[PDB]
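Trainee: Chains as they are written, first to last, in the entry's author numbering: chain F, 3 to 387; chain V, 3 to 387; chain D, 3 to 387; chain E, 3 to 387.
My questions will all concern the structure given below.
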Ligand SMILES: [Mg+2]
Ligand SMILES: [Mg+2]
Ligand SMILES: [Mg+2]
Ligand SMILES: [Mg+2]
Ligand SMILES: [Mg+2]
Ligand SMILES: [Mg+2]
Ligand SMILES: [Mg+2]
Ligand SMILES: [Mg+2]
């Protein structure tokens, strides 16, 4: 189960670089130089890395310092063959963003947030990124009167429209991906789920430029089914990027390594991505627990990739098993894929077998055989066949 | 705090008529005749009632029995002045719907579900309903392989497109409202939140015909902020109807009377509906607890309306208080309503006060004054001013 | 992975016998004769069955009808070799119990609940049960003023004390097990978790007679770690019985087959029960989903036992792996088992290496190596070694 | 609604002193001198303050620096009349505690944790504290193999037994209170709820020395009913202290000001504390949101006390209303307080009115009248009577 760069596994600089500061504790690890992270991730078999502006260039850097930070980083990419497929903006750490960036109540903060974003879009394009992610972690509220949400959505649409005007006027070949999260660090965050983000995109001026960047743990913080939400994003043509990690139910954002948390949900996710032919990066947004030293950091990162590859093998074995293929027919998955009424509305209205002469009791007696099918999936996941 | 029919309070026949059967217990109340419910709700000051087909016409009724059930019902409406603003279809009780209606794996069940729906659309229009609600309570799954969600969404879109073709060909003046719910009775339900439903509507052939019917308790079963979701639905122009009740957190669907559950969320909801000028029915989808006899049924229904009227008074007093109006300016709600960059993208890029000369430390030091504002809201809710 | 009666797998009559009625739907399966269930479970390799009084003897049965129902049941046990290790009382289905049994506000209902329980204790002893379970599903409230919880706990203690007086005066060799549940069907249920039940037992007059009957899905409805709670019950010497099933997070009580839901938690549970030497029944309290016909009922029951046996093999392989044993030493699980201060309080106070000369920075730098250990557990669960 | 020191309102130094650093953001406020906090809280009408050792004496302070920090603090207490009723130990911030204090896998860390605690017990007694709180925020795990919970509970019992030996040998008049929390910052925390903590205390060598310090928001992070848990703690005689704040459901620990979050639960809590005659401190463990400047800090602290006093008035008015007193009799709260069987077991067995001649249908038909009672409580809370 050895990863190769062809598997397209990517990691944020902020993931293996997390120093372990949590709301009740100080850092347990020293800071990692971005160049060392790139080198160490390349040896593990990763394809590339991603970054926030402030991960790569310390906040408040002079233009001269900025140029040398980028130059060092580019040299590490050239030495290793790593790519940078995605970049994003930090609009959440600095105190100025305490009430948001794009939807801060203060207008001057909103204009600053846009300029900070635009400057990193230029850098991302220079480094070859294809996707630009926006996680509005500070957009939201702890109390009801603090934020008029209709006005906030007006401001959010205004910001993303301006960003789309900028990339189209510059001729950039980059697309945007909105990352939803239901809560934390704000009491409630705007666009809290995949669904809310997909709905918002359809009101932007150039919807074709925007998709979603869903994260396993974030949808699970609302108790939702992550594979179901990914299926709706794929159905809409909007899965531009994906963040993989693990989460144990409804609680604080744990960012466990992928495969931890809800293991069966991880299996059904990999089954779906591989069956659908998703061709984007398999990106890990995770935190090595602060109990770990640097050896544990790299073990946890390796485990992300290993677990994806194990689940990929088991899902493929499941779908290729002739006994599973007949169980899928026994449960009428083949009929689900067939149109309900390709004969049209009038023919349906005239069809007495659809109502007047439909035997509801005979249809109701037909078992779905879902439990046999699900035990075949369990046996395949566990390697018990 | 006396309701009048001008307040537009409506109730489902199935609400006060719930006999108290739950998954662990038998019914504690006898069945109510729809005619008696209409009479008793009119005396309490309700505006009208809503129904599922099977609430009004017992399943399996002959055409002759059907005509007399409707005739009796219409006479009660004429005697009381009650209206019927909304109707819906039962696609969840009968065993034939155990794997769904519109997205059942069996194609013949899906065609039956469409014919059952179309027949009740005709009845709804005859009784004057303006909105037709769809709650897909059986659309979903308990296990991952049972339902290919991309195929299921294809079938769901096919069903709603056929329904829109039917109403437009018949010249009906009725619109559809999709009611989301995250889970129960299926392990996960398709279109689980307001957001997912809004996103789905934008892929239908005639999106102008479809909106949402959100329910307080359902969004709270995913831990989401119900007033925030309503604000996004209003922003999109899609709040066609609303279901009011109460829910104590993430658990089974409690359907408590409105004002029970999360009281502060009820206050912010009423504030938003009244400020936005929502003019549709204030519909209660609630269950009088099975501890109650019929006197308790009518007390619980009266309490729904009373709590709405109390909260309406307190929210109005909050917004009209000059001290609250200056607190809103102190927290810069006025600036949130002003465009970020009406001067345009180029002017923003050329504005040195937006980045090069922006004083981030001075802006970061400005307090938001949100806690004073929220205590003014608490004082108004509690009548402590 | 074939079960034998030596594995001690047991099932409630109400599990495979569940007809599929849920709060929104009618039954999808016909009722099962208890004699047929006993026969079919014996062929699958079960050890025995459990029952509520009303599962075996329809409510309101004459003494003559009661005798023939028991006689038929006993003959099926004799023909198959099945045992009855546990019995319990239905104090939740009949409308008279709508506000509780032992803690109903009406005193005459509380006395009736005690007499109904005592009559089934006699039957349980006659059939050889060693454990008598109490699930107070109706003990609780939907509103704050309905139930004074201090008075309710007085009544709950009074009921269990009277039951302990009864069994000791009759010379019965049977013990009680309290089954906690946080909510459903009441809005909040008294003694909602394993912890609350353990604490309550220590205030009874004869605490040695009472332990807990925890259920996987119930602790997960509060978001708690089920293996951790089982460990505390074992530590206290109070794990008298256990209910095995599956649950997908915080929502309605799903009662999925064991191994579904949180698969990793099922692995750690089996590891703990087998390591600790738990010798009681492995009881399944689960519902075959109402999508299934009778073939699916028996497939789902077989899957309960199969999943336990697979996890038992993988946990045993994990603990016997020499590489796992050195990883446990690397993470200092051996030091956790050693007393902190067997030298005593005074020696600890005089030990300068414990404070004055303790090198906190060197200790803080030691990694715990927990992520390597957890990936070894994942590899063993998945059969990737 | 003006607080006086007779109301016994207390605040932790770490509450108003929280600088606003969260897991995704830097501090938004400068650090407060403990002496200034004492002065400002005294002017607001607080009774006293509480502290962790490291709040008052920076970690790593020399004995000489330690003496001057305490001397300054004592002078502020003398100048203002503020008391110190509670103190606690920081066993969670420093990296050395990353795997726990009392239950760390490393034995030398566990011995250090005990010595750090004992040194602050001496200081607490010197400053007059009556209660010593222990919050084991780092005791727990993110993965199943990292922590054998039976061994961890052995170590936890060993630590608390040693602490009880220390206070009894020194002749101190101080008692311990264990503060439960279900999760955060560890993935699962040991003793996660009030119930688990009460059960654990009964296995200590001197149980009379230990009680609980429950926190509103912590029990709500498991979806539990906080007034119900407080009632069980009072019933057991173990409510030694209480932490008041607000929480919006199952998510990260919000620590909102008291009265925010679940407002109805706050009403029922105040009703219970006042009815039961709880005479300990009303302690606020809350965080002014990081959106606020120092004016907002003091507004949020004032709001804690104001909301308690408003709810106290409304609960008193509820219980004194003659119409509420007859509604309580209508719902048979008076019968709940009467023994079920003071006549004894034999008389109950001989009572034919309890079973043979009990009319279950007549009893089942009696409504509980709980909804009328709950609307009277709502009207009183809202000042609508
Ligand atoms: Mg995350
Ligand atoms: Mg992410
Ligand atoms: Mg509902
Ligand atoms: Mg509804
Ligand atoms: Mg259950
Ligand atoms: Mg059970
Ligand atoms: Mg807290
Ligand atoms: Mg606390």
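Where a beta carbon is used, it is the ideal one built from N, C-alpha and C, also for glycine.
For residue 281 (chain E) and residue 250 (chain E), I'd like the C-alpha separation in whole angstroms.
Mentor: On the fourth chain, residue 281 (chain E) is found 279 positions in, with the first residue counted as 1. On the fourth chain, residue 250 (chain E) is found 248 positions in, with the first residue counted as 1. For residue 281 (chain E) and residue 250 (chain E), the distance between alpha carbons rounds to 27 Å.
Trainee: Can you tell me which of V:264, V:119, V:305 puts its alpha carbon nearest to the alpha carbon of residue 165 (chain V)?
Mentor: If you number the second chain from 1, residue 165 (chain V) lands on position 163. Among V:264, V:119, V:305, the Cα nearest to that of residue 165 (chain V) is on V:119.
Trainee: On the CB-based measure, 16 or more other CB atoms within 10 Å of its CB, does residue 377 (chain E) come out buried or exposed?
Mentor: Within the fourth chain, numbered from 1, the residue matching residue 377 (chain E) stands at position 375. Label assigned to residue 377 (chain E): buried.
Trainee: Measuring only from the beta carbon, is residue 245 (chain D) closer than 6 Å to any heavy atom that is part of ligand 6?
Mentor: By 1-based counting over the third chain, the position of residue 245 (chain D) is 243. For ligand 6, at least one heavy atom lies less than 6 Å from the Cβ of residue 245 (chain D).
Trainee: Can you have a look at residue 181 (chain V) and say buried or exposed, based on whether 16 or more other CB atoms are within 10 angstroms of its CB?
Mentor: Position 179 of the second chain holds residue 181 (chain V). Its Cβ being crowded by 16 or more others within 10 Å, residue 181 (chain V) is buried.
Trainee: Can you give me the C-alpha to C-alpha distance between residue 327 (chain E) and residue 78 (chain E), rounded to a whole angstrom?
Mentor: Numbered from 1 along the fourth chain, position 325 holds the residue referred to as residue 327 (chain E). Numbered from 1 along the fourth chain, position 76 holds the residue referred to as residue 78 (chain E). One C-alpha to the other measures close to 47 Å.
Trainee: Using the rule of at least 16 other Cβ atoms within 10 Å of the residue's Cβ for burial, across every protein chain shown, is residue 178 (chain E) buried or exposed?
Mentor: Here the question's residue 178 (chain E) lines up with position 176 in the fourth chain. It is buried - the Cβ of residue 178 (chain E) has at least 16 other Cβ atoms within 10 Å.
Trainee: Helix, strand or coil for residue 17 (chain D), going by three-state DSSP, please let me know.
Mentor: Counting from 1 along the third chain, the entry for residue 17 (chain D) is found at position 15. Helix, per DSSP.
Trainee: Between the C-alpha atoms of residue 359 (chain V) and residue 149 (chain V), what's the straight-line distance to the nearest angstrom?
Mentor: Locating residue 359 (chain V) in the second chain gives position 357, where the first residue counts as 1. Locating residue 149 (chain V) in the second chain gives position 147, where the first residue counts as 1. Taking the straight line joining both Cα atoms gives about 56 Å.
Trainee: For residue 282 (chain F), which residues in chain V fall below 8 Å Cβ to Cβ?
Mentor: Translated into the one-based positions of the first chain, residue 282 (chain F) becomes position 280. Those within 8 Å of residue 282 (chain F) in chain V number zero; the least Cβ separation is about 17 Å.
Trainee: Report yes if the CB atom of residue 255 (chain V) is closer than 7 Å to the CB atom of residue 219 (chain V), and no otherwise.
Mentor: Here residue 255 (chain V) refers to the residue found at position 253 when the second chain is read from its first residue. Here residue 219 (chain V) refers to the residue found at position 217 when the second chain is read from its first residue. Yes, these two residues count as a Cβ contact at 7 Å.
Trainee: Got a sec: is the Cβ-Cβ distance from residue 185 (chain V) to anything in chain D below 7 Å?
Mentor: Counting from one through the second chain, the residue named residue 185 (chain V) turns up at place 183. Yes, contact with chain D.
Trainee: In chain V, which residues lie with their C-beta within 9 Å of the C-beta of residue 252 (chain E)?
Mentor: Translated into the one-based positions of the fourth chain, residue 252 (chain E) becomes position 250. Within chain V, the residues near residue 252 (chain E) are 225, 251, 252.
Trainee: How would you label residue 329 (chain F), buried or exposed, when you count the other beta carbons within 10 angstroms and need 16 or more for buried?
Mentor: Sequence index remark: in the first chain, residue 329 (chain F) carries index 327 (1-based). It is buried - the Cβ of residue 329 (chain F) has at least 16 other Cβ atoms within 10 Å.
Trainee: Can you name the residues of chain B whose CB is closer than 8 Å to the CB of residue 30 (chain E)?
Mentor: In the structure shown, chain B cannot be found, because the protein chains are F, V, D and E.
Trainee: I'd like to confirm something about residue 325 (chain D): is its beta-carbon nearer than 6 Å to some heavy atom of ligand 4, or not?
Mentor: To locate residue 325 (chain D), count along the third chain from 1; it is residue 323. Incorrect: residue 325 (chain D) has no Cβ contact closer than 6 Å to ligand 4.
Trainee: Within 10 Å of its beta-carbon, does residue 372 (chain F) have 16 or more other beta-carbons around it, so buried, or fewer, so exposed?
Mentor: Locating residue 372 (chain F) in the first chain gives position 370, counting from the first residue. By the 10 Å Cβ count, residue 372 (chain F) comes out buried.
Trainee: Near residue 309 (chain V), what residues of its chain come up, given a Cβ to Cβ distance below 6 Å and the 5 sequence neighbours on each side ignored?
Mentor: Here residue 309 (chain V) is taken as the residue at index 307 of the second chain, counted from 1. So the list reads 260, 261, once near-sequence residues are dropped.
Trainee: To which residues of the same chain is residue 232 (chain D) closer than 8 Å at the C-beta, ignoring the five residues directly before and after it?
Mentor: Residue 232 (chain D) sits at position 230 when you count from the first residue of the third chain. Closer than 8 Å at Cβ, skipping near neighbours: 196, 216, 241, 244, 271, 274, 275.
Trainee: Which of the three DSSP states is assigned to residue 93 (chain E) in this structure?
Mentor: By 1-based counting over the fourth chain, the position of residue 93 (chain E) is 91. It is coil, neither helix nor strand.
Trainee: Tell me the DSSP secondary structure of residue 321 (chain D) in three-state form.
Mentor: On the third chain, position 319 is the one that residue 321 (chain D) refers to. Residue 321 (chain D) falls in the helix class under three-state DSSP.
Trainee: Going by alpha carbons, who is nearest to residue 279 (chain V) out of V:320, V:302, V:236, V:286?
Mentor: The sequence position of residue 279 (chain V) within the second chain is 277, counting from 1. The residue with the shortest Cα to Cα distance from residue 279 (chain V) is V:236.
Trainee: Within 10 angstroms of the Cβ of residue 73 (chain V), are there 16 or more other Cβ atoms? Answer buried if so, exposed if not.
Mentor: Along the second chain, one-based indexing puts residue 73 (chain V) at 71. Residue 73 (chain V) comes out exposed.
Trainee: Put residue 30 (chain E) into one of helix, strand or coil per three-state DSSP.
Mentor: Against the fourth chain, residue 30 (chain E) aligns to sequence position 28. Residue state, collapsed to three classes: coil.
Trainee: Count the other CB atoms, across all protein chains shown, that sit within 10 Å of the CB of residue 234 (chain V); report buried if there are 16 or more and exposed otherwise.
Mentor: In the second chain, residue 234 (chain V) corresponds to position 232, counting from 1. By the 10 Å Cβ count, residue 234 (chain V) comes out buried.
Trainee: What's the call for residue 61 (chain D), buried or exposed, on a 16-neighbour Cβ count within 10 Å?
Mentor: One-based indexing of the third chain puts residue 61 (chain D) at position 59. Label assigned to residue 61 (chain D): exposed.
Trainee: Short of 7 Å in beta carbon distance, which residues of its chain neighbour residue 257 (chain E), apart from the five on each side in sequence? Order them along the chain.
Mentor: If you number the fourth chain from 1, residue 257 (chain E) lands on position 255. For residue 257 (chain E), where only same-chain residues beyond five positions count, the Cβ hits under 7 Å are 219, 247, 287, 288, 289.
Trainee: Mind checking which residues open and close the beta strand (DSSP E) that includes residue 170 (chain F)?
Mentor: If you number the first chain from 1, residue 170 (chain F) lands on position 168. Segment 151-172 is the alpha helix (DSSP H) holding residue 170 (chain F); no beta strand (DSSP E) there.
Trainee: Can you tell me whether residue 181 (chain E) is helix, strand or coil according to DSSP?
Mentor: Translated into positions along the fourth chain, residue 181 (chain E) becomes position 179. Coil at residue 181 (chain E), not helix or strand.
Trainee: To the nearest angstrom, how far is the alpha carbon of residue 173 (chain V) from that of residue 106 (chain V)?
Mentor: Reading the second chain from its first residue, position 171 is the one you call residue 173 (chain V). Reading the second chain from its first residue, position 104 is the one you call residue 106 (chain V). Answer to the nearest angstrom: the Cα atoms are 29 Å apart.
Trainee: Can you pull the chain F neighbours of residue 216 (chain V), defined as C-beta to C-beta under 8 Å?
Mentor: Reading the second chain from its first residue, position 214 is the one you call residue 216 (chain V). Under the 8 Å cutoff, chain F gives no residues; its nearest Cβ is about 12 Å from residue 216 (chain V).
Trainee: Across the segment 31-41 of chain D and the segment 292-305 of chain D, are there enough close Cβ pairs to call them in contact, namely three or more that are closer than 8 Å?
Mentor: Taking 8 Å as the limit for Cβ pairs, the verdict is that the segment 292-305 of chain D does touch the segment 31-41 of chain D.
Trainee: If you measure from the CB of residue 287 (chain D), is any heavy atom of ligand 6 nearer than 6 Å?
Mentor: Numbered from its first residue, the third chain carries residue 287 (chain D) at position 285. Residue 287 (chain D): yes, Cβ under 6 Å from ligand 6.
Trainee: Taking residue 37 (chain F) and residue 75 (chain F) to be in contact with their CB atoms under 8 Å, please state how far apart those CB atoms are, rounded to whole angstroms.
Mentor: To locate residue 37 (chain F), count along the first chain from 1; it is residue 35. To locate residue 75 (chain F), count along the first chain from 1; it is residue 73. Correct: roughly 7 Å between the Cβ atoms.
Trainee: Would you verify that the beta carbon of residue 180 (chain F) is, or is not, closer than 7 Å to some beta carbon of chain D?
Mentor: Counting from 1 along the first chain, the entry for residue 180 (chain F) is found at position 178. No, residue 180 (chain F) lies away from the interface with chain D (no Cβ there is under 7 Å from its Cβ).
Trainee: From which residue to which residue does the alpha helix (DSSP H) around residue 114 (chain V) run?
Mentor: On the second chain, residue 114 (chain V) is found 112 positions in, with the first residue counted as 1. Looking at the DSSP string, the run of the alpha helix (DSSP H) that includes residue 114 (chain V) is 109-128.
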